[PDB]
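As structure tokens, the structure follows; a few thoughts come after it.
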Amino acid sequence: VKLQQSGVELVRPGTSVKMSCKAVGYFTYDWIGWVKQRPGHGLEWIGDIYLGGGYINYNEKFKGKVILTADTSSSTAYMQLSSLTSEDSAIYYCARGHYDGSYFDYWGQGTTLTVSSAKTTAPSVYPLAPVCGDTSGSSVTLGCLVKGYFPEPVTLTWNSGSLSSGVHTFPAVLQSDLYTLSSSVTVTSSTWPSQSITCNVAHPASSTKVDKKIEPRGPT
Amino acid sequence: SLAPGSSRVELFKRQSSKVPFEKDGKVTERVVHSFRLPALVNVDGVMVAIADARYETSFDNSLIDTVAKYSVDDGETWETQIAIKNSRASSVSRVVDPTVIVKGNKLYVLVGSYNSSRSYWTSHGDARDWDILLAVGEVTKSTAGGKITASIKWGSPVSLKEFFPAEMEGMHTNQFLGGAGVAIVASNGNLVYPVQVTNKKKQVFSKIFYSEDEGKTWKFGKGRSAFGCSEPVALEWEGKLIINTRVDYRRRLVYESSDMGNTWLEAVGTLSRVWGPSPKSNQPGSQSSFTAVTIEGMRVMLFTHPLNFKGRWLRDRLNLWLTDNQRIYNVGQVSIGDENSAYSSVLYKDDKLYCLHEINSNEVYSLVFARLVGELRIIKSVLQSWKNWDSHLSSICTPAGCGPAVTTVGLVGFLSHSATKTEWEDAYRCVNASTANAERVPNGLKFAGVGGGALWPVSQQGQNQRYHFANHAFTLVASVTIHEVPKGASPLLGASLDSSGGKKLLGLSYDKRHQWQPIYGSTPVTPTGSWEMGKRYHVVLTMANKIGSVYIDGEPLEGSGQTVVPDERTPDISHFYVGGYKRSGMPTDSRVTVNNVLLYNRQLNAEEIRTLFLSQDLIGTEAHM
Amino acid sequence: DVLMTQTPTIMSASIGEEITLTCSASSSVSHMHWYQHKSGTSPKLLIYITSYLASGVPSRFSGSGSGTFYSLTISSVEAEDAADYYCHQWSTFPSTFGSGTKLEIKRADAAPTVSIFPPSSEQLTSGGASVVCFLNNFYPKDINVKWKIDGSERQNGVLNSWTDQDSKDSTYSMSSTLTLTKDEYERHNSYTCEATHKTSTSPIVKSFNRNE
Ligand code: NA
Numbered sequence: 002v003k004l005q006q007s008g009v010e011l012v013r014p015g016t017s018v019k020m021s022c023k024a025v026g027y029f030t031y032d033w034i035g036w037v038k039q040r041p042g043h044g045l046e047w048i049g050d051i052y053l054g055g056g057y058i059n060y061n062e063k064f065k066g067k068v069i070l071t072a073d074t075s076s077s078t079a080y081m082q083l084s085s086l087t088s089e090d091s092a093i094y095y096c097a098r099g100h101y102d103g104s105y106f107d108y109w110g111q112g113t114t115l116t117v118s119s120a121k122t123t124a125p126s127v128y129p130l131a132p133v134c135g136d137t138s139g140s141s142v143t144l145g146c147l148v149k150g151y152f153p154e155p156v157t158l159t160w161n162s163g164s165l166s167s168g169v170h171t172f173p174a175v176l177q178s179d180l181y182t183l184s185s186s187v188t189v190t191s192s193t194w195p196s197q198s199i200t201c202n203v204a205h206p207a208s209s210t211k212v213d214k215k216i217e218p219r220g221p222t
Numbered sequence: 000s001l002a003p004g005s006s007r008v009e010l011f012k013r014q015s016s017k018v019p020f021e022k023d024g025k026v027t028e029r030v031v032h033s034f035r036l037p038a039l040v041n042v043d044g045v046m047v048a049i050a051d052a053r054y055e056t057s058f059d060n061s062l063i064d065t066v067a068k069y070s071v072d073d074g075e076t077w078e079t080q081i082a083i084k085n086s087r088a089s090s091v092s093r094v095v096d097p098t099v100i101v102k103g104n105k106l107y108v109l110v111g112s113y114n115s116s117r118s119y120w121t122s123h124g125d126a127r128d129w130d131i132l133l134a135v136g137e138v139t140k141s142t143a144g145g146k147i148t149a150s151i152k153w154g155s156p157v158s159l160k161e162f163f164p165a166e167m168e169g170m171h172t173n174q175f176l177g178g179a180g181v182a183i184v185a186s187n188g189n190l191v192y193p194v195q196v197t198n199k200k201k202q203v204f205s206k207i208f209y210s211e212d213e214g215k216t217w218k219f220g221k222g223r224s225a226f227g228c229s230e231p232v233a234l235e236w237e238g239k240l241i242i243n244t245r246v247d248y249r250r251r252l253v254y255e256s257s258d259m260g261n262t263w264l265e266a267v268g269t270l271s272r273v274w275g276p277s278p279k280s281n282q283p284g285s286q287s288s289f290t291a292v293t294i295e296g297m298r299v300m301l302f303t304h305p306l307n308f309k310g311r312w313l314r315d316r317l318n319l320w321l322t323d324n325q326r327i328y329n330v331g332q333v334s335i336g337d338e339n340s341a342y343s344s345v346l347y348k349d350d351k352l353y354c355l356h357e358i359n360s361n362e363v364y365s366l367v368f369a370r371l372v373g374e375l376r377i378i379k380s381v382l383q384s385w386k387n388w389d390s391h392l393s394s395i396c397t398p399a409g410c411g412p413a414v415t416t417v418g419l420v421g422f423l424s425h426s427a428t429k430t431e432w433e434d435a436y437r438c439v440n441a442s443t444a445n446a447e448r449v450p451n452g453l454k455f456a457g458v459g460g461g462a463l464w465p466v467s468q469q470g471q472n473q474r475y476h477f478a479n480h481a482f483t484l485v486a487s488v489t490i491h492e493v494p495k496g497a498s499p500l501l502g503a504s505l506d507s508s509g510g511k512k513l514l515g516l517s518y519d520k521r522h523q524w525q526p527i528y529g530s531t532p533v534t535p536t537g538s539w540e541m542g543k544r545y546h547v548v549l550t551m552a553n554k555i556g557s558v559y560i561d562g563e564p565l566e567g568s569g570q571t572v573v574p575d576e577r578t579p580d581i582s583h584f585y586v587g588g589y590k591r592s593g594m595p596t597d598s599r600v601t602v603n604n605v606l607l608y609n610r611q612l613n614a615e616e617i618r619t620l621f622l623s624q625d626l627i628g629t630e631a632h633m
Numbered sequence: 001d002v003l004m005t006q007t008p009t010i011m012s013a014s015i016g017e018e019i020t021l022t023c024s025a026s027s028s029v030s031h032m033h034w035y036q037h038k039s040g041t042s043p044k045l046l047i048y049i050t051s052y053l054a055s056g057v058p059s060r061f062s063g064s065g066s067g068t069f070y071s072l073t074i075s076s077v078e079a080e081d082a083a084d085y086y087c088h089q090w091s092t093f094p095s096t097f098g099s100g101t102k103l104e105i106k107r108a109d110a111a112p113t114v115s116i117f118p119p120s121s122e123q124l125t126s127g128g129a130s131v132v133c134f135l136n137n138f139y140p141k142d143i144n145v146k147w148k149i150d151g152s153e154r155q156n157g158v159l160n161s162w163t164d165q166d167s168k169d170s171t172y173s174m175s176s177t178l179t180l181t182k183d184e185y186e187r188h189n190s191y192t193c194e195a196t197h198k199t200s201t202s203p204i205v206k207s208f209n210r211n212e
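Chains as they are written, first to last, in the authors' numbering: chain H, 2 to 27, 29 to 222; chain A, 0 to 399, 409 to 633; chain L, 1 to 212.
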């Protein structure tokens with residue numbers, strides 16, 4: 002048993018969206035519930051709808067905003083949110099509320115919703131190489147800076163996931179309608195510049211996949 | 000307390016008593032951890048006790064069968080059987096909340112049945128684990144030589160699920176269960192089970208679930224209790240079903256229905272909200288015995304509920320209540336000292352009184368079988384009093409043959425001749441009034457000084473408020489005489505909304521101008537009429553349908569019949585104040601004599617009032633003691 | 001709306017020790033559920049119906065409680081047990097979640113490994129110039145960083161981001177970025193990224209000069 006939800010969403014304030022939550026490993031009749039997860043706001047219960055019955059329990063806080071539906075032949079539940087606002091920007095999860103005291107055991111993977119007026123913007127990817135000086139040794143740290151992009155997320159890897167350990171990718175920060183993110187990789191002293199180290203930034207929202215290779219800083 | 004003369008035995012003894020546990024066609028005598036949910040009945044001379052046999056643990060969600068013990072010698076000796084067994088499907092398979100009806104020599108037992116759910120039934124998201132079963136026992140009596148020998152053949156249980164609707168007025172259903180304990184056969188022969196029911200919003204509520212055909216088929220009355228009323232017990236009283244409900248964390252709600260539960264009406268004028276679940280009415284509720292019986296030729300009700308001083312679900316101090324649906328008397332405590340004792344069942348058979356109730360230590364539950372000797376003593380004594388005063392009053396031949413009889417319908421309390429140093433005694437022995445500065449006179453008291461008066465407690469009765477009816481309707485009647493002219497405006501009689509007597513619902517005062525000050529609620533007071541010092545006057549306060557009246561010598565005062573209850577909120581009357589405020593806190597000095605205070609739970613009609621007025625010389629209890 | 005109060009907000013626990021989280025209902029309920037939440041994943045069910053252990057959850061997790069007050073206990077905590085924990089009732093409508101308690105792991109003092117990076121020549125090719133400072137794998141959580149251009153403390157244009165506690169070594173790490181215009185940045189020679197932390201008496205300083 003599993004729950005599979007719909008893709009990433011980006012919408013202008015005031016529109017509508019309809020999320021899906023269909024389960025493979027199909029079981030027969032059950033409650034599927036919805037949870038809003040926002041940073042700073044823990045988890046908020048939206049409502050449940052009963053696959054193969056139709057019954058719904060709405061949380062009154064969401065009376066205007068939410069309308070739940072379910073196509074019980076394909077066994078999929080749909081949550082639809084009307085007249086959106088940045089308030090509604092969150093990760094939305096669905097899960098099955100087991101009959102025996104209604105606990106949520108099987109959860110969805112989550113559907114991330116972004117409600118913004120702001121333009122989609124491909125990031126600039128900059129290489130952060132050590133300062134000209136000594137490079138004293140015993141290990142060396144390199145950086146990749148991902149500036150001015152919208153919306154979240156971007157995905158960052160080093161040597162296409164080959165350099166797994168010694169990475170610190172940081173959460174992004176918001177600044178006048180665009181994000182900036184940085185990652186640090188630390189490697190053994192002898193393994194750079196001798197070997198190639200590249201960060202691979204992908205921003206799906208802008209369909210962009212840039213690859214900055216970190217080169218040692220040159221003459222001024 | 001258990002009465003003097005009363006006694007008991009540990010009949011279903013926790014971790015001791017054994018039962019015929021049948022599984023896969025083999026029976027074994029098995030020890031039971033805890034016994035709960037008692038129901039004690041009489042089937043054609045055979046005492047039968049039914050309960051939960053909880054085999055391993057006390058938990059509601061565990062392995063449970065339904066045990067039955069029966070005696071042919073008024074409880075001296077018993078045979079033991081399992082009446083209904085569970086599915087054996089898992090370690091939590093259980094048949095729960097057995098609820099019993101006796102008709103003829105048949106025992107109808109109604110149980111919930113679960114297979115493997117680990118959560119409490121009300122929190123379930125659907126009915127997948129649930130069935131509702133009806134099993135019937137046939138009771139038989141043989142007599143070899145001198146010796147009476149009974150046997151009870153139990154039927155295989157039958158599912159009543161097909162009678163459970165998908166929808167009840169504007170909500171969808173989930174599950175339902177019996178109210179536990181003992182249900183009834185209506186005087187029309189219907190089997191009536193008050194049942195607890197959940198909707199999809201997981202709210203619980205009570206309905207009437209009945210059979211017109213000896214339990215072949217079942218119907219639900221259209222109406223219901225308010226939400227959160229659970230574990231309902233019902234009895235039939237003057238053609239109506241009276242449904243008495245558990246409401247956790249609130250005062251017990253009671254309803255009437257004349258139409259097999261199609262319309263439910265809250266019994267505000269009698270028993271609803273009388274009984275609190277705990278001193279502060281802020282704890283879990285309980286299962287209650289609630290039976291109609293005829294004792295000493297009087298038709299009465301017996302109610303039990305733990306006072307639960309301990310709080311949470313401990314439910315110590317099991318109490319017995321006696322009511323004629325007018326007066327409510329606390330017979331007293333049935334459990335022994337501070338022991339935990341929640342659920343109870345009271346049987347009255349062949350003029351002897353018995354109780355089967357829980358005792359709980361550390362969540363290990365036994366059932367005791369108590370011979371309530373002393374309790375009957377008191378009950379019989381109280382009834383005698385009730386019969387006698389009522390008789391005394393109807394017996395009075397009133398002024399111009410004889411005029412109309414003095415009314416005793418809805419007569420709840422009477423304060424007359426008998427009084428102690430600090431108390432004015434209710435003739436009907438239910439609620440006394442306390443007094444200060446009271447000097448005893450014929451049929452009442454002479455008060456004087458600051459803080460003078462008598463207080464008849466209403467909300468101030470505390471955990472159980474027998475006079476709660478007065479918030480909806482009452483008549484308060486008294487004879488009065490003023491001995492000194494007041495320096496302001498002093499109180500005589502009234503219903504107080506606050507504990508000082510400042511805020512009144514309805515009352516009477518008298519002023520320095522020799523006038524009456526009838527006080528209707530918060531209305532600016534307009535003095536009217538006139539009184540003279542030392543003359544005796546007849547005072548009547550009536551309140552019904554949020555309207556109050558004041559009558560002097562049987563005539564309504566000018567400005568009488570105004571609204572005293574402004575919003576559509578219900579009042580919450582603190583007390584009745586008589587002959588002063590009985591607060592040293594209030595500055596007034598009422599110097600008056602009050603005689604024969606009567607309290608009725610309805611508005612008196614013009615004639616009943618007028619009778620009382622002419623009869624004021626002959627209602628007193630003085631002669632008769 | 002039974003409100004669920006989880007106190008306190010943040011709790012610390014030493015590796016291998018037990019800790020208990022509480023959940024205090026505004027009104028009585030039949031039972032509690034508990035979930036673990038680490039951002040990026042979904043919530044994970046830990047205990048259902050008050051005390052039963054969800055499948056695949058390690059039995060270090062225990063559930064107790066009754067009526068109005070319930071408890072979640074970790075027998076002996078793991079590095080990876082740093083997370084958010086939520087209690088949950090669905091015994092009366094509407095279903096409600098706990099206010100949430102965050103678990104922090106207590107470990108020994110670790111000093112930050114500070115590395116400072118000048119702006120890339122490509123960033124300089126467009127208007128800007130951002131100086132980045134990485135302070136990695138340190139403990140305790142509390143640190144703060146000051147930027148010094150030629151020994152004077154620059155205030156504005158500094159933007160910081162910190163990682164969650166490590167699920168392996170239970171240390172924290174932080175990025176600090178001072179962003180300027182190209183010319184502003186080029187007016188001064190010496191760039192210092194200076195952090196006071198418990199582990200050092202005098203502030204941990206990493207600097208560079210454009211003289212190279
Ligand atoms: Na079994």
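Each residue gets a CB set at the ideal place from its N, CA and C atoms; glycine is no exception.
So residue i is in the alpha helix (DSSP H); what residue range does that whole segment cover?
{"i": "residue 390 (chain A)", "result": "372-394"}
{"i": "residue 306 (chain A)", "result": "Careful: residue 306 (chain A) lies outside any alpha helix (DSSP H) and carries neither H nor E."}
{"i": "residue 618 (chain A)", "result": "614-622"}
State the start and end residues of the unbroken beta strand (DSSP E) segment that holds residue i.
{"i": "residue 498 (chain A)", "result": "497-504"}
{"i": "residue 206 (chain L)", "result": "204-209"}
{"i": "residue 182 (chain L)", "result": "Looking at the DSSP string, residue 182 (chain L) is not in any beta strand (DSSP E); the run it does join, the alpha helix (DSSP H), is 182-186."}
{"i": "residue 39 (chain A)", "result": "33-42"}
{"i": "residue 160 (chain H)", "result": "157-160"}
Within a Cβ cutoff of 6 Å, which residues of the same chain sit near residue i, ignoring the five residues on either side of it in sequence?
{"i": "residue 157 (chain H)", "result": "204"}
{"i": "residue 610 (chain A)", "result": "418 and 481"}
{"i": "residue 190 (chain L)", "result": "150 and 209"}
Tell me which residues share the same chain as residue i and place their Cβ nearer than 8 Å to its Cβ, disregarding the 5 neighbours each side in the sequence.
{"i": "residue 505 (chain A)", "result": "511, 512, 513, 579, 580, 581 and 582"}
{"i": "residue 109 (chain L)", "result": "139, 140, 198 and 199"}
Going by beta carbon distance, what residues of the same chain come within less than 7 Å of residue i, once the five residues before and after it are set aside?
{"i": "residue 195 (chain H)", "result": "218"}
- Taking a Cβ distance cut-off of 9 Å, strictly less, list which residues of the segment 19-32 of chain L are near chain A, in chain order. 27, 28, 29, 30 and 31
- Task: Taking a Cβ distance cut-off of 9 Å, strictly less, list which residues of the segment 85-116 of chain H are near chain A, in chain order.
- Result: 99, 100, 101, 102, 103, 104 and 105
- Message: Short of 7 Å Cβ to Cβ, which residues in the segment 55-70 of chain H face chain A?
- Response: Those would be 57 and 59, in chain order.
- Item | Unbroken stretches of the beta strand (DSSP E), 3 residues or longer, contained in the segment 308-353 of chain A | Taking only runs of at least 3 residues, the beta strand (DSSP E) segments lying wholly in the segment 308-353 of chain A are 317-322, 327-332 and 343-348.
- Item | Segments assigned beta strand (DSSP E), at least 3 residues, entirely inside the segment 540-571 of chain A | 544-552 and 555-560
- Query: Listed in chain order, which residues of the segment 290-322 of chain A have Cβ atoms closer than 9 Å to some Cβ of chain L?
  - Reply: Of all residues in the segment 290-322 of chain A, 311 and 312 have a Cβ within less than 9 Å of some Cβ in chain L.
- Message: Suppose only complete runs of 4+ residues qualify. What are the alpha helix (DSSP H) ranges in the segment 260-289 of chain A, listed by chain order?
- Response: Annotation note: the segment 260-289 of chain A contains no uninterrupted alpha helix (DSSP H) run of length 4 or greater.
- Can you list, in chain order, the stretches of the alpha helix (DSSP H) that have 4 or more residues and sit fully within the segment 90-144 of chain L? 121-125
- Query: With distances taken from each beta carbon to the nearest heavy atom of the ligand NA, which residues come in below 6 Å, in chain order?
  - Reply: A:22 and A:87
- Residues in the segment 33-48 of chain L having any Cβ partner in chain H nearer than 7 Å: 33, 42, 43, 45 and 48
- Task: With a floor of 3 residues, list each beta strand (DSSP E) that falls wholly inside the segment 36-91 of chain L, ordered by position along the chain.
- Result: 44-48, 61-66, 69-74 and 84-89
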